[PDB]
Every structure is written in structure tokens, then in C-alpha cells.
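J.: Sharing a structure with you now.
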Amino acid sequence: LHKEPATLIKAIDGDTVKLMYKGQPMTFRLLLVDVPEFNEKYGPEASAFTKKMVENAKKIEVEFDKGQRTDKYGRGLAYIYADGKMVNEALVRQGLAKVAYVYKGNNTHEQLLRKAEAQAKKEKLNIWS
Ligand SMILES: Cc1cn([C@H]2C[C@H](OP(=O)(O)O)[C@@H](COP(=O)(O)O)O2)c(=O)[nH]c1=O
């Protein structure tokens, strides 16, 4: 896979962010994760976590997987990086997201994220507390 440039337009919530990609505004949905809803336990903490990671980043990058690049809502499907750190992975490592929505052909980082989830669960972090 390849990292491509983007710039933050604005934080939205734990697993969606609005970025400028190839000069066009897009909502991106983070591949391979599910964050709780804002009104569910750890929803607000997941939003806050993603917000801080993307807002504090000097360099945002988008990495598409090998399959579908947009979902049925027109959201971009990607791995998002903040100064070389994957937001998708970081959410799961902190117990603020579950590995989820693992579709065949867009699952390159599945084992990386499952390892993060196993570490978060072992540490009883957040959703695993
Ligand atoms: C993460 C992801 C979500 N989706 C769709 C499936 C879900 O459909 P439904 O809306 O019909 O439930 C929805 C979940 O996203 P959210 O968790 O943002 O709601 O997004 C994909 O099609 N591909 C994906 O990779």
C-alpha cells in the first residue's frame, strides 16, 4: 500500500474525519474499526482521542487498501496516519475502538490491529475495563 497526502479540514468523531484529498473535501471512515457512538460509553473519549491526534499532526496521510475506496455513503475508506502513526491502530491499542467491518480485500492491516486489540484487552483499557 502507499501513503498519500491530505490535510485536515475538521475532526468529526472517533472513526470519521473530514480531509482534503487531491484538493477535494471528503469524509473518511477509518478502515477495520468500530468506535462507540457519542452517547455510548467511551464514545466521547474516542472522539476526543481522534480529534487530538489529527489536529496536533504536522502531516496527515491517507492509505487506501486494495479494495473499495468509497463506501455506499460516499465516505473514503482508508488507514489514516498522523505524523506516521496510524490513527486506526492507535484507537484499537487504547481500547477506544474494536476491530470490525473486516471485508475481504480491504483487510491488509487486520492482523496488526487484532494484535493491538489483544494488548488493549490484556491491559483492561477503556472498552475492555
Ligand atoms: C468501515 C466500513 C463501513 N461500511 C459501512 C457498513 C455499515 O453500513 P450500515 O450503515 O448499513 O450499518 C456502515 C457502518 O459505518 P459506521 O460505523 O460509521 O456507522 O458503513 C462499509 O461498507 N465499509 C467499511 O469498510
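Each residue's number is its place along the chain shown, starting with 1.
Per deposition record, X-ray crystallography, 1.6 Å.
Keep in mind that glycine also has a Cβ here, set from the backbone N, Cα and C atoms.
As listed in Swiss-Prot for this protein:
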- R29: active site (ACT_SITE)
- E37: active site (ACT_SITE)
- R75: active site (ACT_SITE)
J.: Anything from the active-site residues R29, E37, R75 with its Cβ under 6 A from ligand 1? List those in sequence order.
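T.: Result: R29.
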J.: May I ask for the distance between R29 (active site) and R75 (active site), taken between their Cα atoms and rounded to an integer number of Å?
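T.: Cα-Cα distance, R29 (active site) to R75 (active site): 6 Å.
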J.: Between the Cα atoms of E37 (active site) and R75 (active site), what distance do you get, rounded to the nearest Å?
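T.: Rounded to the nearest whole number, the Cα-Cα distance is 18 Å.
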J.: If one looks at the chain holding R75 (active site), which residues at least 6 apart in sequence have a CB under 8 angstroms from its CB?
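T.: Set apart from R75 (active site) by at least 6 residues yet with Cβ under 8 Å, we have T16, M26, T27, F28, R29.
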